[PDB]
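Read the numbers this way: they start at 1 and go in the same order the structure lists the ligands and their atoms. Letters go in sequence order (proteins before strands), and every chain restarts at 1.
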2 protein chains.
Amino acid sequence: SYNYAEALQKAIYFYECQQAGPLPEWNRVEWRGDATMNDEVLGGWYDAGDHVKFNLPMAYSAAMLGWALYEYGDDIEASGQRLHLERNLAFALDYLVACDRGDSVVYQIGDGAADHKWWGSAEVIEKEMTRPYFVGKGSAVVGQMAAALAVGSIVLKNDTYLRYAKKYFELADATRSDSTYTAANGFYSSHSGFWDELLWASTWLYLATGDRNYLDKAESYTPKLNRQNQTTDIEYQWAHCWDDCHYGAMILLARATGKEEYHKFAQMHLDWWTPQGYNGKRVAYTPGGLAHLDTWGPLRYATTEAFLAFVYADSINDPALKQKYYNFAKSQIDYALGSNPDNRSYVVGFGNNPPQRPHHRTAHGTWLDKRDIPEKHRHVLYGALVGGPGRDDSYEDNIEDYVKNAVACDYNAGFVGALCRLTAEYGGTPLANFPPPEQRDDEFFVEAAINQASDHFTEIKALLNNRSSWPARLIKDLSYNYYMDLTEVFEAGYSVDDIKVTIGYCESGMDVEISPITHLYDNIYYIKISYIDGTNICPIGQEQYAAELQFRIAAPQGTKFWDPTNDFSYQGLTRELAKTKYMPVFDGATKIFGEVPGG
Amino acid sequence: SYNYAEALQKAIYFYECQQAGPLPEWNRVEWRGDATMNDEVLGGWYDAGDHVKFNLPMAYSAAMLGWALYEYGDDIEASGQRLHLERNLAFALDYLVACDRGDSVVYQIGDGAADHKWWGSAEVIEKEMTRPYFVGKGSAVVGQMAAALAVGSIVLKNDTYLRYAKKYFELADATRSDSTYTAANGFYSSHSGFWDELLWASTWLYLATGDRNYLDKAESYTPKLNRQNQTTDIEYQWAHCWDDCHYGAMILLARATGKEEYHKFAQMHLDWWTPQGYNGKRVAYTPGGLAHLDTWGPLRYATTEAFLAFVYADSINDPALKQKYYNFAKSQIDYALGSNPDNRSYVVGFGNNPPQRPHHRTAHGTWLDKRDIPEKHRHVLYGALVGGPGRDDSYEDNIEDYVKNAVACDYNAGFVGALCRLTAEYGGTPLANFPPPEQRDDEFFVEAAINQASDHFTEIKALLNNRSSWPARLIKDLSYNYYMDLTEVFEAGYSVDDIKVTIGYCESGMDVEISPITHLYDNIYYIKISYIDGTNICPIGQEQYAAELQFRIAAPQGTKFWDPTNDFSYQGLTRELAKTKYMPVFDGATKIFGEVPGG
Ligand SMILES: OC[C@H]1O[C@@H](O[C@H]2[C@H](O)[C@@H](O)[C@H](O[C@H]3[C@H](O)[C@@H](O)[C@H](O[C@H]4[C@H](O)[C@@H](O)[C@H](O)O[C@@H]4CO)O[C@@H]3CO)O[C@@H]2CO)[C@H](O)[C@@H](O)[C@@H]1O
Ligand SMILES: OC[C@H]1O[C@@H](O[C@H]2[C@H](O)[C@@H](O)[C@H](O[C@H]3[C@H](O)[C@@H](O)[C@H](O[C@H]4[C@H](O)[C@@H](O)[C@H](O)O[C@@H]4CO)O[C@@H]3CO)O[C@@H]2CO)[C@H](O)[C@@H](O)[C@@H]1O
Ligand SMILES: [Br-]
Ligand SMILES: [Ca+2]
Ligand SMILES: [Ca+2]
Ligand SMILES: [Ca+2]
Ligand SMILES: [Ca+2]
Ligand SMILES: [Cl-]
Ligand SMILES: [Cl-]
Ligand SMILES: [Cl-]
Ligand SMILES: [Cl-]
Ligand SMILES: [Cl-]
Ligand SMILES: [Cl-]
Ligand SMILES: [Cl-]
């Protein structure tokens, strides 16, 4: 129906867009550089369109990429995506290992409230704020970390991952409490409690080790799971998700043990998701055929259930059930890819009419802590599955819509697994030469205006800009030059000594020096304006993205020879600020923008 | 009961405090300089605690000082004040002559609304605003200018004043309209109309010339005067004042003609002012004995009536009437000087517990367009009669009370005449060596703080202040020096050319240069911070009284030798802004504040 191989290729690439510093050598994202290098634990993924590392959804997302490989790794070698998926997973699992603090873990980097108040690119956030870390022993977060490491140890054949999976499971199982999990409250609160994480983790530890003691633990947790409403059934009217993986765990146990209780649960849960429902009860469906669990990330929930449904259908023999679940699964993935009332992809950079304004700071590429400028994203967030449409299939591509245009690690995770299943079956050719290079705009440049002209002086207002985005970055040794032709000065009988440079305004906190008038060649001379710590010119807000200086170059009062019209840097200037290529910008001795007299 | 000679001495000096530029060489006020030198007509008096020249009250005030000399000039020779009164009067009359524009006159300098919106000293107002002038031929204003010059011509024996008096009288009489008198609206509108000015001017012209044609004109105007309420009597229930001088004109005509109608009017009018009243009708009196005509300037009105009552009493023979009017007159002057329920003088700088916060911009001496700072006036407005108490004798000395602490030319004018009569009678010794010198504050100085510091730099925040007040003034070629000892630099094998001067903040609009590091003697060097137009540093507002610069002097980054503690200009600096004597200030090459290494 779609090129599922290309979709898979892009959905994996999304994770490279999310990587915190230091980036691996293989990172393919031209607009990403090392970022948040002062974080207490390095690497891992930024969670969503923000810069917080939230370990619960991060570990969940890793666990799901691990599960994708566990089911379909061999079946996707043809797509060419297996190696990409494996090393992207490893990057996250390495972070989880790096969080170990013995009887506790670092479970969050960054404060949600503080992070979210600011809109700008990852690489420059340390100029805006100082990022905290959080330590604890929450059973849900630690349990999920264990699960991700357990499946990761299988698929990546890695004994360190297994050792840490065991460590974290033991901690979580000994703690049996979410009370020390607080930093993510209101963002990723533990809603279901922790017994489902202990189930998920112990199940994966059993699949990793074959040690029946884990299967014993797993089966011991099921009576502690939340019930459906006031009945005795285990809750089934929700999705497998970052908060609650008992759904997937029961499917794994159905296949691993063959026991009827797990098959019963799997069928009741999946029937509730399908259009036929479960004895008169069913998830809400949009008229366009999307199973729509909640306002937040309906595509995430539906595509995750697609993966579970594929796995369960592949694991049973009953042809009616297999077809019902397979059809459900493929219908949800296909909706996401364009089988909907608008015939449009909800995967950024893929298919017909994809979203172009995902709620994502670093892909947007602002310089002034606004969402509306630039009006178009500077970068392509390939592969990101957006939140998706409302309950009635309605949708508008709007950066302000942090619900419908949300993107996140957990949104892509189950989706990757389902795309693995579909490319396994239908093939498809991934894109060669992916990703293609982006059109860039000017990043470092001066905007200048004639602040005042006089028969004896020129006064310039000059803003040295850092609107960098490929990647956003900091340059310390910034300077620019203003070139003049002094022929008229010498013809009048005057000298360079008779020309005075003064300052009429210099922006607070921008340490600046202006050189003496310096000879270039012939009658061409210049001044250099140097910012000693140019990293303070940075795309983090209205005040910081440019440093303003007003400088005056003056012959003596009363003289009538001054001619700015033959000065190279005056060319094209008006009374309104405008970018000029004739006041070139330098990083140390290297010219990075503009032109010099005589080329 | 008072030293009326000292009161007179000070009440005259008040006018010197009011003089606009260019000041005469004999001006005795150390805190006044040439001010408003760009005015369309130079000289004359600022009206009140403001800087508007309002010709109607100005000319009224001059006419009253003239009348004082006409009646009592010989009689005050012993007080030593005659020559002071004469030259003060001439300064105003010269302005009135200079207002001539042929078919019209300049009748105002300054926009009342813009003038009053700003709180600051006369000598610096042109940095704040441009002052318009206004031209017209309003009969009241021109008529009063005529009257002032007519009496002035007599008492100063001056043919030029008589010539302009006649010309202005003819202009006022030809025009017979206040329609072209607009700029004073709401401040000094013509309330009574212009017939009384024509009466007053023609009466003075008769007294000046002995030409009975002027007497005939004068008498021709009396049927045109306003009536008392609905009656046939000429209005008598008010005071002789800036708006209406018919009261005094009638007294002059009683003496000049002997005619019963004028005596009848004079006695009706003066009886209404006395405690005994006229036919049961009387001006309001306070319980403390002040005749209280209106909320605005009650002392002004009462002391003016005292002068009229003295003049009329001295012109009649009836001992009963003479004592009634003399007692009234003396009671009102004595109230103003301290014979009141609070035993307090209402004349600034005179007597017991005088007002210390008159509503007067220049005497206050602010630098930041505020009334509350400084909390005490920096100058003594000697001789100013304030508005005075309420109808219940209530009063508080508060700069904000522009009613009770109002001061003005017209408040002092009749008052001087009454003081002349009282000094004539009682003698008194004027103050020797008046005025005494004031305690002065520092006027031009740097406030500095260590803004940032490290092992390779010093960063200073420096505010170059102009809080001048003795007098307030402007200095264009302002600079200050920051002195260092570079011993440790050479000691480390580095040169002057290894020390970098940079700027971290330069206040907008303050064109500034910083010299290279310049040698003084030994290892002592300095940078000079020069303001190209230092007149923009001026005591006109919160933002203008000081220019802020943040400068950094830096050894190379990484180095460890930098030693600010042997730097002369570093001495005593803290992290909080404070005046420092070690960053000396210069006007051109002349030090005007502070100290220099080694003297
Ligand atoms: O009670 C029913 C059911 O609840 C399940 O728990 C739910 C919570 O009820 C629900 O509020 C929570 O919703 C999340 C949503 O899943 C996240 O995707 C969204 O994430 C934000 C993030 O918080 C921001 O930091 C970032 O900028 O944007 C992302 C993407 O929008 O956050 C909201 C609020 O936390 O989801 C829970 C899990 O589905 C229980 O699991 C189940 O047992 C209950 O029956
Ligand atoms: O109807 C009765 C009577 O009126 C007389 O005219 C009066 C006006 O009625 C009265 O409003 C006016 O009040 C003046 C007052 O004399 C001034 O001293 C005051 O001056 C201000 C000045 O305007 C400001 O610029 C400055 O900052 O402060 C000073 C405070 O002194 O201004 C008010 C308003 O103009 O006075 C008139 C004359 O007494 C008629 O003369 C009479 O014929 C009527 O019967
Ligand atoms: Br006119
Ligand atoms: Ca849970
Ligand atoms: Ca030139
Ligand atoms: Ca009048
Ligand atoms: Ca030193
Ligand atoms: Cl179905
Ligand atoms: Cl834009
Ligand atoms: Cl491509
Ligand atoms: Cl070039
Ligand atoms: Cl005082
Ligand atoms: Cl004295
Ligand atoms: Cl000295």
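Of the N or O atoms in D50(B), none lie within a sub-3.5 Å distance of an N or O in ligand 2. Ligand 2 has an N or O atom lying under 3.5 Å from an N or O atom of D243(B), backbone or side chain. Not a single N or O atom of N226(B), backbone or side chain, sits closer than 3.5 Å to an N or O atom of ligand 2. Close N/O approach between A408(B) and ligand 2 is not found [any backbone or side-chain N/O within under 3.5 Å]. Of the polar atoms of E235(B), at least one N or O is found under 3.5 Å from an N or O of ligand 2, judged by distance alone.
Nearest protein heavy-atom contact of atom 33 (C) of ligand 2 is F187(B) O, 4.1 Å. Protein heavy atom at the shortest distance from atom 14 (C) of ligand 2 is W242(B) CZ2, 4.0 Å.
Minimum heavy-atom separation, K370(B) to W119(B): O-CD1, 3.4 Å. In this structure, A172(A) and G143(A) approach most closely via the heavy-atom pair CB-N, 3.7 Å.
Less than 4.0 angstrom separates some heavy atom of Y301(B) from each of these atoms of ligand 2: 16 (O), 36 (O), 38 (C), 39 (O). Near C241(B), with a cut-off below 4.0 Å to any heavy atom, the atoms of ligand 2 are 38 (C), 39 (O). Listed by number with element, the atoms of ligand 2 under 4.0 angstrom from any heavy atom of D244(B) are 41 (O), 43 (O).
Centroid-to-centroid, the aromatic rings of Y395(B) and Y346(B) come within less than 6.0 Å. The aromatic ring centres of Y247(A) and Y236(A) sit 6.0 Å or more apart. Taking the six-membered ring for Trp and the full ring otherwise, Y301(B) and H292(B) have centroids separated by 6.0 Å or more.
Ring geometry for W195(A) against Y221(A) counts as tilted: the plane angle lies between 30° and 60°, on a 0 to 90° scale. Between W45(B) and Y15(B), the angle of the ring planes lies from 30° to 60°, which puts this pair in the tilted group.
Taking the charged nitrogens against the carboxylate oxygens, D115(B) and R131(B) do have a contact shorter than 4.0 Å, which makes a salt bridge. With respect to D441(B) and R467(B), no salt bridge is recorded, no charged nitrogen being found less than 4.0 Å from a carboxylate O. A salt bridge links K217(A) with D173(A): the closest approach of a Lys/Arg side-chain nitrogen to an acidic carboxylate oxygen falls below 4.0 angstrom. For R300(B) and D410(B), the salt-bridge test passes: some basic side-chain N is under 4.0 Å from an acidic carboxylate O.
Only the side chain of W238(B) comes within 4.0 Å of ligand 2, judged by heavy-atom distances. With a 4.0 Å heavy-atom cut-off, ligand 2 is reached by no atom of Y402(B).
For atom 45 (O) of ligand 2, the protein comes within 4.0 Å by at least one heavy atom.
With hydrogens and angles ignored, the 3.5 Å screen pairs a side-chain donor or acceptor of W273(B) with a backbone N or O of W238(B).
Residue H116(B) places a heavy atom less than 4.0 Å from ligand 2. Put simply, part of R300(B) is less than 4.0 Å from ligand 2, judged by heavy atoms.
If you count the protein N, O or S atoms nearer to the Ca ion (ligand 4) than 3.0 Å, you get 7.
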